[PDB]
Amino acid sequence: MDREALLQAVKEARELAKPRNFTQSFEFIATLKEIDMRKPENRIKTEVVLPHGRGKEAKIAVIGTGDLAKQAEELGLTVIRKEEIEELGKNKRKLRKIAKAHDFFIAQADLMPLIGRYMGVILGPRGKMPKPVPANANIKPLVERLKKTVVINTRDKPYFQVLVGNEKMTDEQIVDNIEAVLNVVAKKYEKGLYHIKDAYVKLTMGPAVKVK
């Protein structure tokens, strides 16, 4: 459970994976013990800002107007103006395309009702409803964090698998990222990491390697 054991797991996952014509990602898998997932409070659905990022930044879309839209343009983000909300609702094909092309959505708070009404049917089931922010909010800090954010989601099962980086990053960075993921479990349960039954590290198409 210590850093050295994590470092060894990352190393092995990396070495045991047959090379491929694409940058593989490291996935961290953890099974949980003595946690009753029938109780909604025990489930995990928390965002985690990875210290060294996901390897490739997460794609963010901003739904809004005024200066929120301007900031989104300045940050090089996809912008969906208020008028486009209903247009997207009529073009579900395009909306699904946009949903699939982005990891997170940010939206002007006063537009959430409209967004839920026309875009929610697509974003909701995909866990991509927007994080609301005041229309006068400075979104750079939020965008910075989201670009390096991954989501731990157990649903109603005693385990989770989450992205922790890619092979272009160093093993040290991957372990730092994994530690950030583990800190979530540490803070959620009273006994913390005592609940980790088994942990594994694997590359996209490589074998899962058990930690320690």
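Numbering starts at 1 and follows the sequence shown.
Undergrad: Between 24-32 and 143-151, name whichever shows the higher mean Cα B factor according to the PDB entry.
TA: Higher mean C-alpha B-factor in the PDB entry: 24-32.
Undergrad: When the Cα temperature factors in the entry are averaged, is it 82-90 or 116-124 that ends up higher?
TA: Per the PDB entry, the higher value belongs to 82-90.
Undergrad: For residue 9, does the deposited CA B-factor place it in the lowest, middle or highest third of the chain?
TA: Tercile = lowest for this residue's CA B-factor.
Undergrad: What third of its chain, lowest, middle or highest, does the C-alpha temperature factor of residue 67 fall into?
TA: Middle third, going by the recorded CA B-factors of the chain.
Undergrad: Split the chain's modelled residues into thirds by Cα B-factor; is residue 135 in the lowest, middle or highest one?
TA: Highest third of the chain for residue 135's C-alpha B-factor.
Undergrad: Taking the chain's C-alpha temperature factors as the reference, tell me which third residue 167 falls into: lowest, middle or highest.
TA: Highest third - that is where residue 167 ends up once the chain's C-alpha B-factors are sorted.
Undergrad: Ranking every modelled residue in this chain by its Cα temperature factor as given in the entry, which third contains residue 109?
TA: CA B-factor rank for residue 109: middle third.
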